[PDB]
Amino acid sequence: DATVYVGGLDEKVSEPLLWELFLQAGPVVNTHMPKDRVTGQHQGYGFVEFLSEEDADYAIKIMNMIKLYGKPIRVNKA
Amino acid sequence: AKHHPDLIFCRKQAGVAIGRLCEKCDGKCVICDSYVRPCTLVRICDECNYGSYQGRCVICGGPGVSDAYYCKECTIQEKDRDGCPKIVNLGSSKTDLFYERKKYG
Amino acid sequence: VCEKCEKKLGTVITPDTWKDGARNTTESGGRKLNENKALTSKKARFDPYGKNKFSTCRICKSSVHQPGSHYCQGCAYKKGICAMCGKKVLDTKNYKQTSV
Amino acid sequence: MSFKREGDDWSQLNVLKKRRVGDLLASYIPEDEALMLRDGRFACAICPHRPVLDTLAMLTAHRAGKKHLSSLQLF
Amino acid sequence: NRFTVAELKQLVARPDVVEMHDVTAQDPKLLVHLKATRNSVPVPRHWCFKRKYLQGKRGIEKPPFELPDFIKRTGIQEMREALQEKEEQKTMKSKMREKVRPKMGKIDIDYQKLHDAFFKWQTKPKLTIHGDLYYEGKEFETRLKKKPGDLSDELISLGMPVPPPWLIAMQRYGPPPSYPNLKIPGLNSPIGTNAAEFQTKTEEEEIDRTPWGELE
Amino acid sequence: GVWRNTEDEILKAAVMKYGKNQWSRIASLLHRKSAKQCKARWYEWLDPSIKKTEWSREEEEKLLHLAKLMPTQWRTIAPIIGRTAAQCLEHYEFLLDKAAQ
Ligand SMILES: [Zn+2]
Ligand SMILES: [Zn+2]
Ligand SMILES: [Zn+2]
Ligand SMILES: [Zn+2]
Ligand SMILES: [Zn+2]
Ligand SMILES: [Zn+2]
């Protein structure tokens, strides 16, 4: 579960902000939030590697708490 | 010298003889070879001023024309306490230069 | 500079290779053993608080480059004088000094 | 030395020569292919391990070599 | 003849430091004792790497050096930039001709400004405490990782009066398993009684903060 | 004296820019090469029309026939075969060694 997939985001959101968003729940050890080079903008889906299982199990619940720019965010195991 | 890794210092127990430097070596430090800030006078061991050698250059061995000093940085690091700083072997560079000129000239 | 002002000159850190009449060799005494650089720092160098503050030429008002000089190089060359005291070191009646 | 030039500064002439060799050889290298480093050295941007070469003469001589050509056709 | 890692880890007073290769040591007990002593800095990590130190593809794209701010206050960079931008336009004829007829007073900054840059505006840079060894990726991995119960100003996005919106659900769903000892108000922390914050106020009243022996 | 790798690269690019009648301009780019050496290096070895391939059967037959015809005259022979005179020469010697066995 150490990693989660996160959908439905707005490009003003940032990886550093994202790390602080999910570390509100529990620390994101490895952050991945693609920067698309071609048009220089984000599609808004994320992958998160944690310390161990602990971060992963919480992950799905952490999704409900999240609400970026008046919108929700998908979090599921991976 | 610091530029020649194969040169070798005497390092015996230094005495009351003052080491000197030839015109070519005037104003430089015997250890680290610098031109600035002279701190202490160089003393050489008894054997190194034996006889005819009394008063030759410490660093190269030519007729000495002034006194040799250690610089300030070698004093602070106490490099001035290691022994007689007379160089006891000519090394590869000096020998090669001789044979090269002699071949040509 | 003139001959009495040469004690006010600064020295180069490395010793001169022509030893005679030098001011910075060990034998001359101007290169002294166990110098503390912090104590001799303000000697013959600019010090805005100290005694040698940034001066300008008395004639042209442009800044001199030597501590304790009252005349800039060009004005001292042209009038024939010592840059520090202003005594003349050259008789320039027959010399059309050229700044070029 | 103003009216007719006297002498020549061979060190600065050698600096100029290095610039002219650089301009000449650089005009035949497309801008993606070469990356210029902070110190003036050059890396090959084709080859996946980015070898870094000291002059543009060496970069051109590298681009002739067979390792570069094999790495080129994959890209 | 030699320890495996488990026996070594139990035999240390502190088993977090032991690595795969410490058992290969000629005296492994002393090695793990020294690795767990205070204030000693570890061996640089690239001792086992096959690639040479700092010779890595990311290091190709390093940007130029930037001057400090108190030096850019002098205007040296604009002057010398303009100067060398003229000097690439000149031919060898013109350069060798102004070397016989020079041009005075060109690039001069007044001395008082240069003195003030060094004796008034100097600022100490960011320094690093002992044991903080540089390694190759260091300046990119310097983001670090901010703990729950501590929020950033920007996380403004919530726009909520000051408790957390998520908590109204953490009490519902439970305390997260990943954190065994975490404490948040309303679940197991005072918004019992709430006298914890009063302690800090009373102590903060108690302290004198006047540094001894400073300049007047 | 002898031709390095990087010198050949400079020489090819400089001929591609300045053409084949300005060897004094091309000599200024190289170190310790004169104009005549630059020209000689180009026509001997660096010119693209020089063919550095293996010899066909036809090309060898013309070589042996023309070397019988006009002996030792390799500059006259060489454009008829379309190799460099030095190339023609060493390949002739190769075949003569081969026929000795
Ligand atoms: Zn000597
Ligand atoms: Zn020294
Ligand atoms: Zn001795
Ligand atoms: Zn003036
Ligand atoms: Zn005077
Ligand atoms: Zn390449």
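Rules used throughout
Residues numbered from 1 in each chain as written, not as in the entry; some residues may be left out. Chains lettered and ligands numbered in written order. Part of a larger assembly, values for the part shown. Heavy atoms only, no water. Residues with missing side-chain atoms left out of burial classes, pairs and counts. Helix = DSSP H or I, 4+ residues; strand = E, 2+ residues; numbered from the N terminus. Rg over C-alpha atoms; globule rule 2.2 N^0.38 Å. Contact = heavy atoms within 4.5 Å. Areas by Shrake-Rupley, 256 points an atom, 1.4 Å probe, with all protein chains shown as cover. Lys, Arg positive; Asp, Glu negative; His and termini not counted. Charge placed at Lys NZ, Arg CZ, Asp CG, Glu CD. Axes fitted to C-alpha atoms, helices over the stretch in contact; angles between N-to-C directions. Parallel < 35°, antiparallel > 145°, perpendicular 65-115°, else oblique. Nonpolar A, V, L, I, M, F, W, Y, C, P; charged D, E, K, R; others polar. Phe/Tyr/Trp six-rings, centres within 6.5 Å; stacked < 30°, edge-to-face > 60°. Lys NZ or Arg CZ within 6 Å of the ring centre and 35° of its normal. Polar contact = N/O pair within 3.5 Å; in protein donor to acceptor, adjacent residues only side chain to side chain. Pairing = 2+ DSSP bridges.

The record lists cryo-EM as the method behind this PDB entry and 2.89 Å as its resolution.

A. Spatial organisation of the overall build of chain A. Looking only at helices and strands, chain A has two helices and four strands in total. Traced from its N-terminal end to its C-terminal end, chain A shows the element sequence β-α-β-β-α-β. What you see for chain A is a C-alpha radius of gyration of 12 Å, in line with the 12 Å of a compact globule of 78 residues. The principal-axis extents of the C-alpha atoms in chain A amount to approximately 35 × 25 × 20 Å. Of the contacts formed within chain A by residues at least 6 apart in sequence, a portion of 65% connects residues at least 24 apart.

B. How the structure looks around the overall build of chain F. Looking only at helices and strands, one finds six helices and zero strands in chain F. Overall, chain F shows an N-to-C arrangement of helices and strands of α-α-α-α-α-α. Here the C-alpha atoms of chain F give a radius of gyration of 16 Å, more than 25% beyond the 13 Å that 2.2 N^0.38 yields for 101 residues. The contacts of chain F with a sequence gap of at least 6 include a subset with a gap of at least 24, amounting to 45%. A total accessible area of about 6,700 Å² is found for chain F, and carbon and sulfur atoms account for 52% of it. Computing the positive centroid from 18 side-chain charges and the negative centroid from 13, chain F places the two 9 Å apart.

C. The arrangement of the packing of helix α5 (residues 74-81) of chain F against helix α6 (residues 85-100) of chain F in detail. Residues and elements named next belong to chain F. Two numbers describe how α5 lies on α6: the axes approach to 8 Å, and their chain directions differ by 95 degrees. With respect to each other, α5 and α6 are oriented roughly perpendicular. Along the contact surface, α5 presents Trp74, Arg75, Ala78 and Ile81, while α6 presents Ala85, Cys88, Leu89 and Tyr92. Broken down by class, the residue content of the contact of α5 with α6 amounts to seven nonpolar, no polar and one charged.

D. Region of interest: the packing of aromatic side chains. Between B:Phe98 and B:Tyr99 the ring centres are 5.3 Å apart and the planes differ by 75 degrees, which places this aromatic pair in the edge-to-face class. Seen in terms of ring centroids, C:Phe54 and E:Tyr111 are 5.7 Å apart; in terms of plane orientation they differ by 40 degrees. Their pairing is tilted. Here E:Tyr111 lies in helix α6 (residues 111-119) and C:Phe54 lies in the segment before α1 (73-79), a pairing that spans two chains. Pairwise contacts between aromatic rings join C:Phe46, C:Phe54 and E:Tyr111 into one cluster. Above the plane of the ring of E:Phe140 lies E:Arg58, whose end atom (NZ or CZ) is 4.4 Å from the centre. Cation over ring: E:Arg73 sits above E:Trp121, and NZ or CZ is 3.5 Å from the ring centre.

E. Spatial organisation of the side chain of C:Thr40. Counting through the fold element by element, C:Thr40 comes out in the segment before α1. There is a polar contact of 2.9 Å between the side chain of C:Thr40 and the side chain of C:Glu35.

F. The arrangement of unusual backbone geometry in detail. Unlike most non-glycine residues, B:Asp33 shows phi in positive territory, near 55 degrees. Among the structural elements, B:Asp33 can be located in the loop between β2 (20-21) and β3 (38-41). Of note in the backbone geometry, C:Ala44 takes a positive phi value of approximately 60 degrees without being a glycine. Residue placement: C:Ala44 occurs in the segment before α1.

G. Seen up close, the interface of chain D and chain E. Tallying the contact residues gives 14 residues for chain D and 15 residues for chain E. Looking at the side of chain D that touches chain E residue by residue, the class counts come to seven nonpolar, three polar and four charged.

H. Region of interest: the sheet that holds strand β2 (residues 30-32) of chain A. Residues and elements named next belong to chain A. Strand order in the open sheet formed by four strands is β2-β3-β1-β4, with antiparallel pairing between adjacent strands. In this open sheet, the two edge strands, each paired with only one partner strand, are β2 and β4 (76-77). Looking at chain direction, strand β1 (residues 4-6) and β4 are connected through two bridges and run antiparallel. Among the inter-strand pairings, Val4 is bridged to a residue of β4, identified as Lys77.

I. Inspection of the pairing of strand β3 (residues 46-49) of chain A at higher detail. Residues and elements named next belong to chain A. Summarising the sheet, β1 and β3 pair through two bridges and their orientation is antiparallel. Bridging across to β3, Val6 finds its partner in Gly46. Two strands pair when backbone bridges link them, and β2 and β3 are joined in this way by three bridges, in the antiparallel orientation. Each residue of the ladder has a partner; that of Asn30, found in β3, is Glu49.

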